[PDB]
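# Fold and geometry: a report
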Amino acid sequence: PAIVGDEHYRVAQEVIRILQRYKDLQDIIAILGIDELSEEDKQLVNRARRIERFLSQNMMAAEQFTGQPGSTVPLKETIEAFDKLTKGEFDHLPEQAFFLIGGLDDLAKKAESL
Amino acid sequence: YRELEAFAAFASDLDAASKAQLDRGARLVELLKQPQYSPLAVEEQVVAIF
Amino acid sequence: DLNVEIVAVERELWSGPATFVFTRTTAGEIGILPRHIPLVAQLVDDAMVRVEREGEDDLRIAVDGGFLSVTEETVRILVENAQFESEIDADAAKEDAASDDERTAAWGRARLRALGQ
Amino acid sequence: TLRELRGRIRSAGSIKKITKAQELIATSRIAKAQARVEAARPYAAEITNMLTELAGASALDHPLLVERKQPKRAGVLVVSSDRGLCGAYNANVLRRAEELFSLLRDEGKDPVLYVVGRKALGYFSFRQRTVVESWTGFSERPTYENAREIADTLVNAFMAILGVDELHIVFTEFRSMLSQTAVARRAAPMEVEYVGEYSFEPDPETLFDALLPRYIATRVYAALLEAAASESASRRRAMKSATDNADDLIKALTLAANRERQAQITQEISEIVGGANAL
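The rules behind the values
Residues numbered from 1 in each chain as written, not as in the entry; some residues may be left out. Chains lettered and ligands numbered in written order. Part of a larger assembly, values for the part shown. Heavy atoms only, no water. Residues with missing side-chain atoms left out of burial classes, pairs and counts. UniProt positions renumbered as here; feature names shortened; annotations may be inferred. Helix = DSSP H or I, 4+ residues; strand = E, 2+ residues; numbered from the N terminus. Rg over C-alpha atoms; globule rule 2.2 N^0.38 Å. Contact = heavy atoms within 4.5 Å. Buried < 20%, exposed > 50% of the residue type's maximum accessible area, 1.4 Å probe, protein only. Salt bridge = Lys/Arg side-chain N within 4 Å of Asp/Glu carboxyl O. Pairing = 2+ DSSP bridges. Core = buried A, V, L, I, M, F, W, Y, C linked by side-chain atoms within 4.5 Å. Nonpolar A, V, L, I, M, F, W, Y, C, P; charged D, E, K, R; others polar. Expected span 1.5 Å × (residues − 1). Axes fitted to C-alpha atoms, helices over the stretch in contact; angles between N-to-C directions.

For chain C, the name recorded in the PDB entry is ATP synthase epsilon chain, with Mycolicibacterium smegmatis MC2 155 as its organism. UniProt, in the comment section headed Function, describes chain C in these words: "Produces ATP from ADP in the presence of a proton gradient across the membrane." According to the UniProt record, the Sequence similarities comment for chain C reads "Belongs to the ATPase epsilon chain family."

Per the PDB entry, chain B goes by the name ATP synthase subunit alpha and belongs to Mycolicibacterium smegmatis MC2 155.

Here it is, written out as structure tokens:
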């Protein structure tokens, strides 16, 4: 936090915490599935999947493979988007709306698309 | 499809759109199925995939 | 002749043939023979049913808040909980007959009125 | 690492055995619950028949049959399992329940929760939505006593204390062993359906009033039995899925254990022959 700021650090640590809890639950996810978790952990997993997919991005170099053009997300927008994600502000959108999306505005666009 | 195929076997029911995707994939996979020693010229491959 | 179908909400209890069926409906005591006009009647809270059929002994049923439907062919008794006389624990009936709860007391009285008490 | 993989293999084998046993037990209990539904059907048919006759001889003005002037509140009876391992079952119910709420919210009626099942009770306890009353311990094997209690509470709330102007039941219909769908039914006010073309004692109106609560109790009982059968079917499917996942995990862990075993043998041979080749 002395370097990137506490707004950035807090969001990054919350994201890492959510993903670590998801990795810990991976065993139950593999055998039984999301359904048998506790409600707290179920919500955590449902937003952990969305955080994991939102970390994906349509890279510029990917244009030769996907055909889609690439996108650049400024750091402030990334911090705000992941802060919203960790707080649950996007738990209603489908998970696929986060694949290779690269931004809040384009996320809303794809959510409208689906 | 190949993710939806596994998902469907255990879901009680699926959306009409999901069933449409399943039925399209079950035909695409059969389309790509091909016998041995029977290569297709790109002229026939494009039509088959079409 | 009549075929008496005592059917509970959970399961069917009895479906044998019968010649006469007697029970205390909310309008008084009623007896039904074959070809009785179609009828629907609510049994009283402590209603008991007595079935007379060819050969076998009279069959007494404790009925909890049942309904009696005389039909062209079947007299169907729909019951919440129905107990034959053979299934009655007499001491339990005697104890329950004095219960404070109105429904429990009515059910105990129905069990007794079947028990011959 | 190989020790961890062997332990994981043992764990997955034990879980495979347990889930396989649960799958077979769930098949047997599907059979039992469906047999109970079949046993309960004839009473429902006959009570519906006599209700139709009474209605044909009734004014149809009982409160259960007429829409409140301004519905400001509505009851929702969510039927849910009291034990887990049923896969999406509870969620499929609960999601539908919330869908119904979104409708009720859009219609200006705030839902009031009545919950049957421990899982739905926890579901709502975490979302802090207050349940007025909850019943538990009979979703696996319901009895008409529980259904009568539920129906009496719901009907008393409808007649009313704040009370409700409407009540729905959300439960998982079992249509076939493959299909189990959460549906929401409005169980009051009932709508009269004129389908087109007897005596009563003392009068058909009093019999109608005494029978409508009984009919609602019977329908709640049928819904609970349907939910139990659907719960057992979902448990069978979820346990089959868990058994398949455990078998796949056992296969993957066996491949990993074999790779680690070969790697350890090769590493040991490398150390031994490096020591010989030095000496």
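Once that is clear, we can look at the overall build of chain C. Within chain C one finds two helices and eleven strands. When the elements of chain C are put in sequence order from the N terminus, they spell out β-β-β-β-β-β-β-β-β-β-β-α-α. In terms of C-alpha radius of gyration, chain C reaches 14 Å, essentially the compact-globule figure of 13 Å for 117 residues. Its C-alpha atoms give chain C principal-axis dimensions of about 40 × 30 × 25 Å. Across chain C, contacts joining residues at least 24 apart in sequence account for 50% of those joining residues at least 6 apart.

Attention now moves to the overall build of chain B. Summing up its helical and strand segments, chain B has three helices and zero strands in all. Beginning at the N terminus, the succession of helices and strands in chain B can be written as α-α-α. Radius of gyration (C-alpha) of chain B: 14 Å, far over the 10 Å computed for a compact globule of 50 residues. With the principal axes as the frame, chain B shows a C-alpha extent of 40 × 20 × 10 Å.

This part takes up the environment of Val131 of chain D. All names here are of chain D. Along the polypeptide, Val131 turns up in strand β3 (residues 131-135). Residue classification places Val131 among the partly exposed residues on the basis of a relative accessible area of 22%. Sequence separation of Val131 and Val112 is 19 residues, and the distance between their C-alpha atoms is 7.0 Å. Leave out the neighbours within four places in its chain, and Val131 touches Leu113, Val115, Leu121 and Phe124.

Before going further, it helps to spend a moment on the pattern of salt bridges. Evaluation of the coordinates by the stated rule reveals 26 salt bridges over all chains. The salt bridge involving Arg36 of chain D is made with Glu10 of chain C; its shortest N-O contact spans 3.4 Å. With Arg36 of chain D in helix α1 (residues 2-56) and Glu10 of chain C in the loop between β1 (2-8) and β2 (12-14), this pair bridges two chains. In this structure, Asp46 of chain C and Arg109 of chain C form a salt bridge, with 2.4 Å as the shortest nitrogen-oxygen distance. Placement of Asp46 of chain C in the loop between β6 (39-42) and β7 (48-52) and of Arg109 of chain C in helix α2 (residues 102-115) is noted, with a sequence separation of 63 residues between them. For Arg109 of chain C, a relative accessible area of 36% gives the class partly exposed. Residues joined by salt bridges that share partners form a network here, namely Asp64, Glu80 and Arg103 of chain C together with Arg148 and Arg214 of chain D.

Attention shifts here to the pairing of strand β5 (residues 28-32) of chain C. All names here are of chain C. With five bridges joining them, strand β4 (residues 20-25) and β5 adopt antiparallel strand pairing. Among the inter-strand pairings, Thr25 is bridged to a residue of β5, identified as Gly28. The turn linking β4 back onto β5 is made up of two residues.

Nonpolar side chains tend toward joint burial in soluble globular proteins. Counting 52 residues, the largest nonpolar core has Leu77, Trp135, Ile150, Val220 and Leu224 of chain D as the members making the most contacts within it. Elements represented by at least two residues in this core include exactly α1, β1 (73-79), β2 (110-116), α4 (144-159), β4 (167-176), β5 (179-188) and α5 (204-276) of chain D. Considering every element that reaches this core, the biggest residue donor is α5 of chain D, with 13 residues. Contact partners of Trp135 of chain D, with chain neighbours within four places excluded, come to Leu77, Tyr114, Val115, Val116, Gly117, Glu149, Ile150, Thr153 and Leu154 of chain D. Core analysis: the next-biggest nonpolar cluster, separate from the first, contains 24 residues, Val4, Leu59, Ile61 and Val79 of chain C among them.

The next subject is the interface of chain D and chain C. In this complex, chain D contributes 22 residues to the contact, which on the side of chain C involves 24 residues. If you list the elements that add at least two residues to the side of chain D that touches chain C, you get α1, α4, β6 (199-201) and α5 of chain D. Considering each element in turn, the side of chain D that touches chain C owes the most residues, eight residues, to α1 of chain D. Class assignment for the residues of the side of chain D that touches chain C results in 14 nonpolar, three polar and five charged.

For the rest of this paragraph, the subject is helix α2 (residues 39-54) of chain A. Here α2 of chain A contains 16 residues, and its C-alpha end-to-end distance of 23 Å stays within 8% of the 22 Å for a straight helix at 1.5 Å per residue. With twelve of 16 residues buried, α2 of chain A is to be regarded as a mostly interior element. Along α2 of chain A, the residues classified as buried are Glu39, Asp41, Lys42, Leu44, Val45, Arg47, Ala48, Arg49, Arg50, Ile51, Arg53 and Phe54 of chain A. In this structure, the buried residues of α2 of chain A make contact with α1 (6-31), α4 (75-87) and α5 (104-113) of chain A together with α3 (118-126) of chain D.

Residue and element names in this part refer to chain C. Here we have five strands laid out as an open sheet, ordered β5-β4-β7-β8-β11, and antiparallel in their pairing. Each having just a single partner strand, β5 and β11 (82-84) make up the two edges of the open sheet. Pairwise comparison of adjacent strand axes, ignoring direction, gives a mean angle of 20° for this sheet. As defined by bridge partners, β4 adjoins β7 across four bridges and the pair is classed as antiparallel. Bridge pairing in β7 links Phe22 to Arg50. Sitting on the sheet, α2 touches β7, β8 (59-63) and β11, and the angle it makes with β8 is about 175°.

With that settled, consider unusual backbone geometry. Between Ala188 of chain D and the following residue, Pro189 of chain D, the backbone shows a cis peptide bond with an omega angle of 0°. Note that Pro189 of chain D resides in the loop between β5 and β6. Here the amide bond leading from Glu201 of chain D into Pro202 of chain D is cis, since omega sits at -5°, within 30 degrees of zero. The residue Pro202 of chain D is located in the loop between β6 and α5 in this model. Phi is positive for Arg35 of chain C, which is not a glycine, with a value near 70°. Checked against the element boundaries, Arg35 of chain C lands in the loop between β5 and β6.

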